[PDB]
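Novice: Just to be clear, this is only the beginning of the complex, oriented as in the whole thing:
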Amino acid sequence: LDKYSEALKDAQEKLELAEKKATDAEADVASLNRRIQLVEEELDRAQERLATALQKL
């Protein structure tokens, strides 16, 4: 009962931590998706500014 209870408190805590890791990994997926998109948008802007600088050049 304890082997399972212990395995459970550990599986359950590991779950809360895996769920937390998932929460954080997902928070990071979302925070990075935001950041990736921000760098993609800023990249498009750098590329547009580059096309502009190159046309001005």
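Specialist: All right, it came through fine. Numbering: from 1, shown residues only, chains lettered A, B, ... in the order given.
Novice: Run through the strands of chain A in chain order.
Specialist: All residues of chain A lie outside strands when identified by DSSP state E.
Novice: so where do the helices sit in it?
Specialist: Using DSSP state H, the helices found in chain A span residues A:2-56.
Novice: then chain B, please:
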Amino acid sequence: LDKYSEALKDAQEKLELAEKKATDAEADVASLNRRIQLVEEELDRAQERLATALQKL
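Specialist: With chain B now in place:
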């Protein structure tokens, strides 16, 4: 024993799933991290190309 064994297999399944929520979220953030590294590297290369175009300008 069954209550703990079941709660355990469920904590373990939830754990494997949460680990996969995290692994998939990790795969996604990792994909995104690769994208931020590549896009941000291009942001900076575009920004550097831009700085170059602007300096040349």
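Novice: Is stretch A:20-31 in proximity to chain B?
Specialist: Yes. For stretch A:20-31, a contact with chain B is found by CB under 8 Å from any CB of the partner chain, at A:21, A:22, A:24, A:25, A:26, A:28, A:29. The way it works is simple: take the backbone N, C-alpha and C, and place the C-beta from them, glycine included.
Novice: I'd like those residues written out as a markdown table, with neighbour count added.
Specialist: Output for the residues of stretch A:20-31 next to chain B, formatted as a markdown table (neighbours: other CB atoms under 10 Å in any protein chain shown):
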| residue | neighbour count |
| --- | --- |
| A:21 | 19 |
| A:22 | 22 |
| A:24 | 16 |
| A:25 | 24 |
| A:26 | 19 |
| A:28 | 20 |
| A:29 | 23 |
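Novice: can you tell me which of those residues lies nearest to residue B:48?
Specialist: Here the nearest of those to residue B:48, counting by CB to CB, is residue A:28; it sits at 27.2 Å.
Novice: give me every residue that touches the closest one.
Specialist: Residue A:28 is in contact with B:25, B:29, counting by CB atoms under 8 Å, 6 or more residues apart in numbering or on different chains.
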